[PDB]
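The structure appears right after this line, and notes come after that.
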Amino acid sequence: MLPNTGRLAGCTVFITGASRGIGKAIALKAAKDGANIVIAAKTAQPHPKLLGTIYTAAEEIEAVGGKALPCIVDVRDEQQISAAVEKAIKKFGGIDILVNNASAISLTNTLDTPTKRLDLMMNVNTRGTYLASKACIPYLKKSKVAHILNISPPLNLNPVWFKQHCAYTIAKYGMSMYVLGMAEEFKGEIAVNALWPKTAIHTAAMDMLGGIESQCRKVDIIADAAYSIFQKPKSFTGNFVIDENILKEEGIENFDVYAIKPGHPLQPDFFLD
Ligand SMILES: NC(=O)c1ccc[n+]([C@@H]2O[C@H](COP(=O)([O-])OP(=O)(O)OC[C@H]3O[C@@H](n4cnc5c(N)ncnc54)[C@H](OP(=O)(O)O)[C@@H]3O)[C@@H](O)[C@H]2O)c1
């Protein structure tokens, strides 16, 4: 795998959706440098259907070397975003990295999508990423690292990605369009980039959406790609990174260590031709 480096020692990483899955896995990689992880997600109490809370994530994060600040945050509510940001500053003194990882998905089409799901996608994905970015920016300006990373895809405008689940595509594409804009707006001050996985990534949310277990990569791959980006200087900006591509640059050749079952065919991720 791709080894930790120390770069992030004492750096504060604010990650939306770090209660489980990819978000949590990014936290754990940054955590191994002795980073401080601000966990911004909704799950404060055991739910019968989801696994893990902000508090179990916090524990995991401490067990591999980091400090964790669990905050209850629904990114649909600006007040909860700004309260967690304030808690991060009071506690840690600053924010050096924001990862906009929280998202909601519904693969329905025009007549199928209930308005409450439309709004949920628009409001968690596009709106959430904007507000989380707006709150963190004034602190990112002061960071020696200063990275914003959106988990969202390259802007691939082939009609095939819109013919179905259009609402979901627009919601995700909006996060990547903020990359396009904010990279330019904050050139020299904040690096802003997207990261997206070449393949499906094993996750209890992807299991529910997907038999699919064996066709996936480990969350380790995205964690590791995201760690690579975090070490780049502030001039690394306006990019739409794909996990596999960024790790080939860093010397990784044998990708089997990242597969759930080495050998088996892997499911292409959405939005890549
Ligand atoms: N897994 C894959 O194959 C794959 C493929 C393509 C893209 N992705 C992207 O990767 C990201 C994470 O996916 P995943 O596999 O980790 O799915 P997941 O298990 O559903 O992760 C979503 C995370 O975001 C949080 N979240 C959801 N709504 C939120 C809200 N309103 N406010 C704050 N946090 C919220 C969830 O925690 P709480 O429930 O505690 O709020 C959870 O930690 C998403 O951006 C997704 O589009 C994943």
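Numbers for the structure displayed
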{"read-out": "Residue selected from the range 199-223 under the condition more than 10 Å from the ligand (Cβ to nearest atom) and part of a loop (DSSP other than H, G, I, E, B), by the criterion farthest from residue 182 (Cα to Cα)", "value": "211"}
{"read-out": "Residue within the range 18-29 that is surrounded by fewer than 17 Cβ atoms within 10 Å (Cβ to Cβ), part of a loop (DSSP other than H, G, I, E, B) and of a type in the set (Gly, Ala, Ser) present", "value": "no"}
{"read-out": "Identity of the residue in the range 89-112, within 16 Å of the ligand (Cβ to nearest atom), of a type in the set (A, V, I, L, M) and in a loop (DSSP other than H, G, I, E, B), that ends up surrounded by the most Cβ atoms within 10 Å (Cβ to Cβ)", "value": "102"}
{"read-out": "Extreme residue, surrounded by the fewest Cβ atoms within 10 Å (Cβ to Cβ), among residues of the range 210-225 that are more than 17 Å from residue 249 (Cβ to Cβ) and in contact with a helix residue (DSSP H, G or I) (Cβ under 9 Å, 6 or more places away or on another chain)", "value": "213"}
{"read-out": "Residue check for residue 63: among the small types (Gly, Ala, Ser), in contact with a strand residue (DSSP E or B) (Cβ under 8 Å, 6 or more places away or on another chain) and more than 10 Å from the ligand (Cβ to nearest atom)", "value": "no"}
{"read-out": "Count of the range 52-88 residues which are of a type in the set (S, T, N, Q) and not in a helix (DSSP H, G or I)", "value": "1"}
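For every residue, the table says whether it meets (1) touching a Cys at 6+ places or on another chain (Cβ under 8 Å); (2) among the polar types (S, T, N, Q); (3) buried (at least 22 other Cβ atoms within 10 Å of the Cβ); (4) outside any strand (DSSP E or B).
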residue	(1), (2), (3), (4)
179	no, no, yes, yes
187	no, no, no, yes
194	no, no, yes, no
227	no, no, yes, yes
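To keep it simple, each residue is scored yes or no on (1) out of contact with any strand residue (DSSP E or B) (no Cβ under 6 Å at 6 or more places or on another chain); (2) under 19 Å from residue 13 (Cβ atoms).
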| site | (1), (2) |
| --- | --- |
| 182 | no, yes |
| 189 | yes, yes |
| 195 | no, yes |
| 209 | yes, no |
| 224 | yes, yes |
| 236 | no, yes |
| 246 | yes, yes |
| 253 | yes, no |
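Cβ atoms come from the backbone with ideal geometry, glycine included; neighbour counts cover every protein chain shown. Read-outs throughout are calculated quantities, based only on the coordinates presented, and are distinct from any laboratory measurement.
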